[PDB]
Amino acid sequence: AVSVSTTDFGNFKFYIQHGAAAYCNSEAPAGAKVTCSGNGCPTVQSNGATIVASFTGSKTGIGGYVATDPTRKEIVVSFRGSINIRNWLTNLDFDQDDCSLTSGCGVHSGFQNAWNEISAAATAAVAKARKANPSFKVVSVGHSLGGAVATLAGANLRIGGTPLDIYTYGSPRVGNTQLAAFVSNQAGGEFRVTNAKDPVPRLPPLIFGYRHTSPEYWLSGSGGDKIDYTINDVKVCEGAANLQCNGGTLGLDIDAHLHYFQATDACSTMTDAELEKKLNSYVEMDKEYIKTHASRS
């Protein structure tokens, strides 16, 4: 099977700093020092994390940066999430375009467009700090929608030749059965962490083709605004369509999406009961789907 480990959990608590950092260093000039206010990413600042380049896709809001860690001897590519997530949920962004990563590959427009808007810069930056530190390994991070785009850049950077390791937090499903499989089976790891009943890790809906990457390192707790989870609060659900963890949960605990070992937001058209019902409705459909395919495969 698959499980969690001492250093596996340490990596988890460590990368959201780069995730939460994308929320304000996605404008930083080369040479600058990755920095966060509100203890957003103290460890990153303790080491000598520096920007190789930052970038932003005007037409799409995506933003990201490539930094080098003199201490960790690694190169990280961080993409920022939504500054207005509850907004994103009310708009139900589910339309999926075609993808050319694998046969019959489907992907979520937005995420792919965002990746496409800033891919060239993103790529070169990874290379620029790749040649300048030929020993360092690479990592692709991102929290929230930021994590979605983080998976694609991982998938593409890989086919690009440079091996990866993607770390995500509260990421929404990014593509369909075969795109999720491609990345899953793609050499390297895709550690996606989910917090309690965060409503975004279960979108878009299973019923709409969207699947996930395996495994899933779920933080089993009340979450809410909880920050003190530990290895022993972790669960591990494997498989594309598994709802024994995050997916399969309910409510509108957005607070949890905003808390993964720390505050995500440290750096910086419908009611509530309403948004919550619609979302519930979906996971209620996703379960009926899984239910009715039990005897398949």
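Numbering starts at 1 and follows the sequence shown.
Counting the unmodelled positions of the deposited sequence between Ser268 and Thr269 gives a long gap of 10 or more residues. According to the PDB record, 87-95 carries the higher mean C-alpha B-factor of the two stretches 87-95 and 106-114.
Higher mean CA B-factor, judged across 43-51 and 250-258 from the recorded values: 43-51.
When the Cα B-factors of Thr194, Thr123, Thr162, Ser140 are read from the PDB record, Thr162 comes out highest. Ranking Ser119, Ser222, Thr168, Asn176 by the C-alpha B-factor listed in the PDB entry places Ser222 at the top.
In this PDB entry, the Cα temperature factor of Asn25 sits in the top third of its chain's modelled residues, the highest group.
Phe182: CA B factor in the middle third of modelled residues in this chain (values from the PDB entry). In this PDB entry, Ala148 carries a Cα temperature factor that places it within the lowest third of its chain's modelled residues. In the PDB entry, a CA B factor belonging to the lowest third of its chain's modelled residues is recorded for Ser78.
The PDB entry assigns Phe14 a C-alpha temperature factor belonging to the lowest third of its chain's modelled residues.
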